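File shown: upload.tsv (TSV, C-alpha atoms).
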```tsv
chain	number	residue	atom	x	y	z
A	1	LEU	CA	33.98	25.46	12.24
A	2	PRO	CA	36.87	24.64	9.93
A	3	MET	CA	38.43	21.78	11.90
A	4	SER	CA	41.53	19.71	11.22
A	5	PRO	CA	42.13	15.92	11.43
A	6	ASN	CA	45.87	16.40	11.95
A	7	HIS	CA	46.90	18.06	15.15
A	8	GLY	CA	50.62	18.60	14.70
A	9	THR	CA	50.90	15.38	12.77
A	10	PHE	CA	53.00	16.98	10.06
A	11	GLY	CA	56.11	19.14	10.40
A	12	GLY	CA	56.15	22.82	11.32
A	13	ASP	CA	52.55	24.14	11.29
A	14	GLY	CA	53.69	27.11	13.33
A	15	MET	CA	50.70	27.36	15.63
A	16	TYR	CA	48.08	26.09	13.23
A	17	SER	CA	47.39	22.78	14.92
A	18	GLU	CA	46.91	24.66	18.18
A	19	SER	CA	44.36	27.07	16.66
A	20	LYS	CA	42.45	24.25	14.97
A	21	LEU	CA	42.31	22.05	18.08
A	22	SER	CA	41.13	24.84	20.35
A	23	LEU	CA	38.01	25.27	18.24
A	24	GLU	CA	36.82	21.91	19.45
A	25	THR	CA	35.93	23.25	22.87
A	26	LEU	CA	32.82	24.82	21.37
A	27	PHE	CA	31.29	21.34	21.23
A	28	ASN	CA	31.01	21.59	24.98
A	29	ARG	CA	30.80	25.35	25.53
A	30	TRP	CA	27.60	25.20	23.51
A	31	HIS	CA	26.04	23.19	26.33
A	32	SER	CA	27.84	24.64	29.37
A	33	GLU	CA	27.43	28.35	28.67
A	34	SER	CA	24.45	30.33	27.44
A	35	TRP	CA	24.56	31.21	23.75
A	36	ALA	CA	22.80	28.06	22.58
A	37	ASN	CA	19.88	29.93	20.95
A	38	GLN	CA	22.16	32.41	19.22
A	39	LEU	CA	24.73	30.04	17.72
A	40	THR	CA	24.95	26.37	16.85
A	41	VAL	CA	28.26	24.62	16.25
A	42	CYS	CA	28.86	22.55	13.13
A	43	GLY	CA	32.39	21.24	13.07
A	44	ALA	CA	33.67	20.23	9.67
A	45	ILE	CA	36.82	18.15	9.57
A	46	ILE	CA	38.18	19.28	6.21
A	47	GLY	CA	40.10	16.55	4.37
A	48	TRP	CA	42.84	16.54	1.75
B	1	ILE	CA	26.28	1.45	3.03
B	2	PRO	CA	27.74	-1.99	3.80
B	3	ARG	CA	27.41	-3.45	7.28
B	4	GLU	CA	30.68	-2.86	9.08
B	5	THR	CA	31.78	-0.06	6.76
B	6	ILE	CA	32.26	3.62	7.50
B	7	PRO	CA	31.52	5.84	4.48
B	8	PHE	CA	34.21	8.34	3.24
B	9	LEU	CA	31.97	11.09	4.57
B	10	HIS	CA	30.15	10.62	7.85
B	11	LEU	CA	28.64	12.33	10.87
B	12	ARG	CA	29.70	11.53	14.44
B	13	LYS	CA	27.96	11.21	17.80
B	14	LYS	CA	29.58	11.82	21.19
B	15	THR	CA	29.44	8.76	23.45
B	16	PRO	CA	28.67	9.38	27.12
B	17	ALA	CA	32.21	8.05	27.53
B	18	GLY	CA	33.08	11.29	25.71
B	19	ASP	CA	34.52	10.12	22.40
B	20	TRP	CA	33.24	11.07	18.95
B	21	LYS	CA	32.55	7.84	17.08
B	22	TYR	CA	30.82	7.18	13.73
B	23	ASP	CA	27.02	7.10	13.94
B	24	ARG	CA	25.40	5.27	11.04
B	25	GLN	CA	22.04	7.04	11.50
B	26	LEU	CA	23.46	10.55	11.44
B	27	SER	CA	25.72	9.60	8.52
B	28	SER	CA	22.70	8.31	6.65
B	29	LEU	CA	20.81	11.54	7.29
B	30	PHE	CA	23.83	13.36	5.87
B	31	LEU	CA	24.63	11.16	2.87
B	32	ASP	CA	20.97	10.98	1.84
B	33	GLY	CA	20.84	14.74	1.97
B	34	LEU	CA	23.89	14.89	-0.30
B	35	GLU	CA	22.24	12.54	-2.76
B	36	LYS	CA	19.01	14.51	-2.82
B	37	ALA	CA	21.14	17.63	-3.38
B	38	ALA	CA	22.90	16.05	-6.35
B	39	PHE	CA	19.59	15.24	-8.08
B	40	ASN	CA	17.41	18.39	-7.12
B	41	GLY	CA	19.95	20.87	-5.82
B	42	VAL	CA	19.44	22.85	-2.62
B	43	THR	CA	18.01	26.31	-2.15
B	44	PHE	CA	19.48	28.86	0.22
B	45	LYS	CA	16.70	31.36	-0.32
B	46	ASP	CA	16.25	33.56	2.71
B	47	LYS	CA	19.57	32.48	4.30
B	48	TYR	CA	21.85	35.26	5.58
B	49	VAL	CA	25.54	34.34	5.65
C	1	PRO	CA	26.39	20.26	18.02
C	2	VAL	CA	27.20	18.30	14.85
C	3	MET	CA	30.63	16.95	13.84
C	4	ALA	CA	31.20	16.06	10.20
C	5	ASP	CA	34.09	13.93	8.99
C	6	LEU	CA	34.83	15.29	5.52
C	7	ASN	CA	38.21	13.52	5.53
C	8	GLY	CA	38.08	10.79	2.95
C	9	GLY	CA	39.59	8.07	5.08
C	10	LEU	CA	43.05	9.63	5.54
C	11	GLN	CA	42.43	8.90	9.22
C	12	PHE	CA	43.33	5.29	8.60
C	13	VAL	CA	46.58	5.42	6.81
C	14	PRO	CA	49.26	4.97	9.61
C	15	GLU	CA	52.39	7.09	10.17
C	16	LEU	CA	50.79	9.63	7.82
C	17	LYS	CA	53.64	12.10	8.20
C	18	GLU	CA	56.39	9.70	7.25
C	19	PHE	CA	54.20	7.99	4.64
C	20	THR	CA	53.40	11.31	3.04
C	21	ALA	CA	57.09	12.29	3.11
C	22	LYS	CA	58.17	9.04	1.47
C	23	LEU	CA	55.86	9.50	-1.56
C	24	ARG	CA	57.38	12.95	-1.99
C	25	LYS	CA	60.97	11.69	-1.79
C	26	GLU	CA	60.40	8.78	-4.17
C	27	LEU	CA	58.80	11.17	-6.67
C	28	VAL	CA	61.42	13.91	-6.41
C	29	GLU	CA	64.29	11.43	-6.62
C	30	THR	CA	62.83	9.62	-9.64
C	31	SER	CA	62.56	13.06	-11.27
C	32	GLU	CA	66.11	14.16	-10.49
C	33	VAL	CA	67.96	10.94	-11.38
C	34	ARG	CA	65.92	10.69	-14.59
C	35	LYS	CA	66.80	14.27	-15.55
C	36	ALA	CA	70.42	14.01	-14.49
C	37	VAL	CA	71.00	10.77	-16.40
C	38	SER	CA	69.45	12.24	-19.54
C	39	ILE	CA	71.53	15.44	-19.33
C	40	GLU	CA	74.68	13.29	-19.23
C	41	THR	CA	73.78	10.80	-21.96
C	42	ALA	CA	73.12	13.99	-23.97
C	43	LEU	CA	76.60	15.40	-23.40
C	44	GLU	CA	78.15	12.01	-24.16
C	45	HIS	CA	76.48	12.27	-27.54
C	46	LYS	CA	77.96	15.74	-28.24
C	47	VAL	CA	81.36	14.34	-27.36
C	48	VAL	CA	81.31	11.03	-29.25
C	49	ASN	CA	79.33	12.37	-32.22
C	50	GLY	CA	80.42	16.02	-32.60
C	51	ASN	CA	78.55	19.22	-31.70
C	52	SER	CA	78.38	20.33	-35.36
C	53	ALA	CA	76.27	17.29	-36.37
C	54	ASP	CA	73.76	18.09	-33.60
C	55	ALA	CA	73.81	21.86	-34.36
C	56	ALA	CA	72.26	21.37	-37.82
C	57	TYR	CA	69.51	19.32	-36.11
C	58	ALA	CA	67.84	21.95	-33.89
C	59	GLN	CA	64.97	23.81	-35.54
C	60	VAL	CA	64.71	27.59	-35.89
C	61	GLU	CA	61.97	29.35	-33.98
C	62	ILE	CA	60.41	32.35	-35.65
C	63	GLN	CA	59.35	35.35	-33.52
C	64	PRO	CA	56.43	37.64	-34.51
C	65	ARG	CA	56.73	41.28	-35.51
C	66	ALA	CA	54.03	43.91	-35.44
C	67	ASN	CA	52.11	44.54	-38.63
C	68	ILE	CA	49.86	47.44	-37.68
C	69	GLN	CA	46.88	47.48	-40.04
C	70	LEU	CA	44.55	50.26	-41.24
C	71	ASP	CA	41.64	47.89	-40.79
C	72	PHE	CA	39.44	48.87	-43.76
C	73	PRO	CA	36.24	47.51	-43.74
C	74	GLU	CA	35.53	44.11	-45.35
C	75	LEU	CA	33.82	43.96	-48.74
C	76	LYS	CA	31.82	40.79	-49.27
C	77	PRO	CA	31.22	39.09	-52.64
C	78	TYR	CA	28.39	40.95	-54.33
C	79	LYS	CA	26.30	37.78	-54.28
C	80	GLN	CA	26.16	37.98	-50.50
C	81	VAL	CA	25.84	41.74	-50.52
C	82	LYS	CA	22.57	41.68	-52.45
C	83	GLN	CA	21.18	39.24	-49.86
C	84	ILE	CA	21.46	41.82	-47.06
C	85	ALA	CA	19.17	44.53	-48.42
C	86	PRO	CA	15.96	44.09	-50.47
C	87	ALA	CA	16.43	43.68	-54.21
C	88	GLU	CA	14.03	46.59	-54.65
C	89	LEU	CA	16.67	48.90	-53.18
C	90	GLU	CA	18.84	48.75	-56.30
C	91	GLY	CA	18.78	52.22	-57.84
C	92	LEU	CA	15.99	53.45	-55.60
C	93	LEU	CA	18.33	55.79	-53.70
C	94	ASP	CA	19.82	59.05	-54.96
C	95	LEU	CA	23.36	58.24	-53.78
C	96	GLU	CA	24.15	61.95	-53.94
C	97	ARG	CA	22.04	62.30	-50.78
D	1	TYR	CA	110.08	14.59	-38.72
D	2	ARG	CA	109.04	17.99	-40.07
D	3	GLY	CA	106.74	18.06	-43.07
D	4	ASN	CA	103.21	17.45	-44.30
D	5	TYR	CA	101.89	13.94	-43.49
D	6	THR	CA	98.56	12.19	-44.32
D	7	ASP	CA	99.97	8.98	-42.89
D	8	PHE	CA	96.91	8.77	-40.56
D	9	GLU	CA	96.50	5.01	-40.94
D	10	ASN	CA	99.91	4.66	-39.26
D	11	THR	CA	99.32	7.09	-36.43
D	12	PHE	CA	98.28	6.45	-33.14
D	13	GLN	CA	98.46	8.02	-29.67
D	14	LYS	CA	98.49	6.66	-26.12
D	15	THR	CA	98.13	9.07	-23.21
D	16	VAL	CA	98.08	8.57	-19.46
D	17	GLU	CA	95.20	10.54	-18.04
D	18	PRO	CA	95.61	12.19	-14.64
D	19	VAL	CA	93.86	10.67	-11.68
D	20	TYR	CA	90.35	11.92	-11.20
D	21	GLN	CA	88.88	12.02	-7.72
D	22	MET	CA	85.16	11.86	-7.22
D	23	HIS	CA	83.27	12.32	-3.97
D	24	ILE	CA	80.07	10.23	-4.16
D	25	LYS	CA	77.88	12.28	-1.83
D	26	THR	CA	74.26	11.78	-2.88
D	27	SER	CA	72.00	9.02	-4.17
D	28	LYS	CA	71.55	10.45	-7.66
D	29	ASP	CA	75.32	10.70	-7.89
D	30	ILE	CA	75.65	6.95	-7.64
D	31	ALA	CA	72.73	6.63	-10.08
D	32	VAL	CA	74.42	8.71	-12.81
D	33	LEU	CA	77.62	6.66	-12.43
D	34	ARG	CA	75.76	3.36	-12.81
D	35	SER	CA	74.20	4.94	-15.90
D	36	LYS	CA	77.47	4.81	-17.85
D	37	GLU	CA	78.36	1.46	-19.42
D	38	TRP	CA	82.08	1.97	-18.77
D	39	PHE	CA	81.55	2.26	-15.03
D	40	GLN	CA	82.02	-1.38	-14.08
D	41	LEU	CA	82.70	-2.48	-10.51
D	42	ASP	CA	83.31	-5.99	-9.15
D	43	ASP	CA	80.35	-6.37	-6.74
D	44	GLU	CA	77.55	-4.27	-8.20
D	45	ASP	CA	76.23	-4.34	-4.65
D	46	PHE	CA	79.07	-2.11	-3.47
D	47	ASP	CA	77.80	0.79	-1.35
D	48	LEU	CA	79.13	3.80	-3.25
D	49	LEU	CA	77.20	6.11	-0.95
D	50	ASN	CA	79.57	8.40	0.95
D	51	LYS	CA	82.83	6.97	-0.39
D	52	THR	CA	85.55	8.66	-2.43
D	53	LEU	CA	86.47	7.25	-5.84
D	54	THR	CA	89.58	7.63	-7.93
D	55	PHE	CA	89.91	6.96	-11.66
D	56	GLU	CA	93.39	6.09	-12.89
D	57	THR	CA	92.87	6.14	-16.62
D	58	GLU	CA	94.84	5.36	-19.81
D	59	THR	CA	93.29	6.30	-23.17
D	60	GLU	CA	94.53	4.70	-26.37
D	61	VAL	CA	93.54	6.38	-29.63
D	62	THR	CA	94.02	5.79	-33.33
D	63	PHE	CA	93.40	8.46	-35.93
D	64	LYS	CA	91.65	7.87	-39.21
D	65	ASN	CA	91.08	11.44	-40.34
D	66	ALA	CA	92.16	15.01	-39.64
D	67	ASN	CA	89.99	15.54	-36.54
D	68	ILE	CA	87.88	12.40	-36.32
D	69	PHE	CA	89.21	9.48	-34.29
D	70	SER	CA	89.16	5.96	-35.73
D	71	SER	CA	88.94	4.34	-32.32
D	72	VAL	CA	89.12	5.36	-28.68
D	73	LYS	CA	89.94	2.96	-25.84
D	74	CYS	CA	89.90	4.14	-22.26
D	75	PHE	CA	90.71	1.81	-19.39
D	76	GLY	CA	91.94	1.92	-15.81
D	77	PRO	CA	91.12	0.80	-12.28
D	78	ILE	CA	88.44	2.40	-10.14
D	79	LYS	CA	89.51	2.75	-6.51
D	80	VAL	CA	87.93	3.61	-3.18
D	81	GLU	CA	89.55	5.46	-0.24
D	82	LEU	CA	89.88	3.53	3.00
D	83	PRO	CA	89.93	5.08	6.47
D	84	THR	CA	93.71	4.61	6.31
D	85	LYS	CA	93.50	6.75	3.15
D	86	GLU	CA	94.90	3.79	1.19
D	87	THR	CA	93.23	3.07	-2.15
D	88	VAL	CA	91.79	-0.30	-3.14
D	89	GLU	CA	90.64	-1.48	-6.57
D	90	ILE	CA	86.83	-1.54	-6.79
D	91	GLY	CA	86.38	-2.10	-10.52
D	92	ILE	CA	87.27	-0.88	-13.99
D	93	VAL	CA	86.81	1.87	-16.49
D	94	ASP	CA	86.27	0.03	-19.76
D	95	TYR	CA	85.43	2.23	-22.74
D	96	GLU	CA	85.76	1.39	-26.40
D	97	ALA	CA	84.49	3.26	-29.45
D	98	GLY	CA	85.10	3.38	-33.16
D	99	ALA	CA	84.56	6.51	-35.26
D	100	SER	CA	84.68	8.59	-32.06
D	101	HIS	CA	85.19	12.36	-32.04
D	102	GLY	CA	86.12	12.88	-28.39
D	103	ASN	CA	86.70	10.99	-25.16
D	104	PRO	CA	83.39	10.83	-23.22
D	105	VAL	CA	84.94	9.20	-20.11
D	106	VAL	CA	87.55	11.91	-19.57
D	107	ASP	CA	85.05	14.67	-20.29
D	108	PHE	CA	82.69	13.24	-17.67
D	109	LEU	CA	85.43	12.90	-15.06
D	110	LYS	CA	86.71	16.41	-15.89
D	111	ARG	CA	83.39	18.10	-15.21
D	112	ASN	CA	82.17	15.71	-12.52
D	113	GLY	CA	85.39	15.44	-10.54
D	114	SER	CA	88.65	17.04	-9.55
D	115	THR	CA	92.09	16.41	-11.00
D	116	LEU	CA	94.76	15.20	-8.60
D	117	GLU	CA	98.14	16.61	-9.74
D	118	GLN	CA	101.12	15.34	-7.78
D	119	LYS	CA	103.13	18.43	-8.07
D	120	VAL	CA	103.12	20.83	-5.23
D	121	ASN	CA	104.61	24.29	-5.70
D	122	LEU	CA	106.51	26.10	-2.96
D	123	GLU	CA	105.30	29.53	-1.92
D	124	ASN	CA	108.12	31.34	-3.69
D	125	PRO	CA	110.68	29.84	-6.06
D	126	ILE	CA	114.02	29.63	-4.28
D	127	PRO	CA	117.01	30.48	-6.45
D	128	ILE	CA	119.84	27.98	-6.21
```
Once more with this new file: its structure as structure tokens, please.
Amino acid sequence: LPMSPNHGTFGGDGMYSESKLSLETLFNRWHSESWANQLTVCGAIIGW
Amino acid sequence: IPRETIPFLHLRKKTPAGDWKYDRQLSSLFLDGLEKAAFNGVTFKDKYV
Amino acid sequence: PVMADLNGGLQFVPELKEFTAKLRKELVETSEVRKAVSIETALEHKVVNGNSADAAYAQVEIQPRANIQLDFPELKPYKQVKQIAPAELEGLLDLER
Amino acid sequence: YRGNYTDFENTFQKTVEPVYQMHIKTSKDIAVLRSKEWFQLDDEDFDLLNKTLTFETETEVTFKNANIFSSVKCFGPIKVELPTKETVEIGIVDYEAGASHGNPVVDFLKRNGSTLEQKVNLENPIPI
């Protein structure tokens, strides 16, 4: 997962921060749903 | 890695509290990997991407 | 699930937006004052010291024109030529064939 | 006196330059002004930002050759608009140059300002 460290920190992302923050639910969905043997989540917080 | 220092690259571990803080073990697993990859390289033979 | 911080400490620098923006302003300003001051000290020179004394001080650029060439083949010095083929070859061949 | 004169050593010209108004809007604006050695205000700490300046200039010149000036003086008060639209002295224009060729101060103010002329035309001339 291409994650971001800056959720609407900077000016006008459009809806970028929103897209990048949503991704982070997979860290829990992995456990709570049932695809755990088909996918694994590896969230990378890409820097500058 | 100094005591009381978080490396510029690190892995994180979710506390039961729910937060994702720096875990020195995981970050050592990761950084040591990176080192070993700098000296030997890594193969991706047989990996479909 | 694994979470990897590949963010080289940016996390720690406070008010990152405004901090970021400041660096940019300071840079851009320093550029524009520096370039505006020089463009004016340069016109002051053309006024005080004449534009005909500065006109004979620019250089002339030369621009290329096309010189299409037939591109004959290159003939080496004979010394080097005789090094290519065996010395035995000299006069062995009927050059009429 | 009509005729051909080379008298240049005994020639000289004073002229009263029109008032130049200058609207210091930006930060680089104030920077460029502080760049010129003839721009000389009383408190250097004066906040030029967002004020309006006027330059009431006199330029005194002496010829030495056909086209080349021997010396060029250019002086006058620098003033700032008040809210009352009154104008108060802020500093000086103080230029001096030998072997000049043109007036740098007036050229600057020409291009970087507007020229206040006190004459205001009617719409149509009215015959008397």
Please, which residues of chain A lie no more than 9 Å from chain C when the count uses only C-alpha atoms, and can they be set out as a JSON list (two decimals) with C-alpha atoms, keeping the file's coordinate frame?
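Contents of part-v1.json, freshly written:
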```json
[["chain", "number", "residue", "atom", "x", "y", "z"],
["A", 5, "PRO", "CA", 42.13, 15.92, 11.43],
["A", 6, "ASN", "CA", 45.87, 16.40, 11.95],
["A", 9, "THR", "CA", 50.90, 15.38, 12.77],
["A", 10, "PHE", "CA", 53.00, 16.98, 10.06],
["A", 11, "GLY", "CA", 56.11, 19.14, 10.40],
["A", 26, "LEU", "CA", 32.82, 24.82, 21.37],
["A", 27, "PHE", "CA", 31.29, 21.34, 21.23],
["A", 28, "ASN", "CA", 31.01, 21.59, 24.98],
["A", 30, "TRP", "CA", 27.60, 25.20, 23.51],
["A", 31, "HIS", "CA", 26.04, 23.19, 26.33],
["A", 40, "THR", "CA", 24.95, 26.37, 16.85],
["A", 41, "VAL", "CA", 28.26, 24.62, 16.25],
["A", 42, "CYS", "CA", 28.86, 22.55, 13.13],
["A", 43, "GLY", "CA", 32.39, 21.24, 13.07],
["A", 44, "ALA", "CA", 33.67, 20.23, 9.67],
["A", 45, "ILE", "CA", 36.82, 18.15, 9.57],
["A", 46, "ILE", "CA", 38.18, 19.28, 6.21],
["A", 47, "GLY", "CA", 40.10, 16.55, 4.37],
["A", 48, "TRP", "CA", 42.84, 16.54, 1.75]]
```
Report, in Å to a single decimal, how far apart atom CA of residue D:92 and atom CA of residue D:75 are.
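Taking atom CA of residue D:75 as the start and atom CA of residue D:92 as the end point, the length is 6.9 Å.
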At most 10 Å is the cut-off: for each residue in chain B with any atom that close to an atom of chain C, write down the nearest atom pair and the distance in Å rounded to one decimal, counting all atoms listed in the file, chain first then increasing number, as JSON lines.
```
{"residue": "B:6", "atom": "CA", "partner": "C:9", "partner_atom": "CA", "distance": 8.9}
{"residue": "B:7", "atom": "CA", "partner": "C:8", "partner_atom": "CA", "distance": 8.4}
{"residue": "B:8", "atom": "CA", "partner": "C:8", "partner_atom": "CA", "distance": 4.6}
{"residue": "B:9", "atom": "CA", "partner": "C:6", "partner_atom": "CA", "distance": 5.2}
{"residue": "B:10", "atom": "CA", "partner": "C:5", "partner_atom": "CA", "distance": 5.3}
{"residue": "B:11", "atom": "CA", "partner": "C:4", "partner_atom": "CA", "distance": 4.6}
{"residue": "B:12", "atom": "CA", "partner": "C:3", "partner_atom": "CA", "distance": 5.5}
{"residue": "B:13", "atom": "CA", "partner": "C:3", "partner_atom": "CA", "distance": 7.5}
{"residue": "B:14", "atom": "CA", "partner": "C:3", "partner_atom": "CA", "distance": 9.0}
{"residue": "B:20", "atom": "CA", "partner": "C:3", "partner_atom": "CA", "distance": 8.2}
{"residue": "B:21", "atom": "CA", "partner": "C:3", "partner_atom": "CA", "distance": 9.9}
{"residue": "B:22", "atom": "CA", "partner": "C:5", "partner_atom": "CA", "distance": 8.9}
{"residue": "B:26", "atom": "CA", "partner": "C:2", "partner_atom": "CA", "distance": 9.3}
{"residue": "B:27", "atom": "CA", "partner": "C:4", "partner_atom": "CA", "distance": 8.6}
{"residue": "B:30", "atom": "CA", "partner": "C:4", "partner_atom": "CA", "distance": 9.0}
```
Using all atoms listed in the file, can you tell me which of D:28, D:119, D:84, D:94 comes closest to chain C?
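Selected residue with least distance to chain C: D:28.
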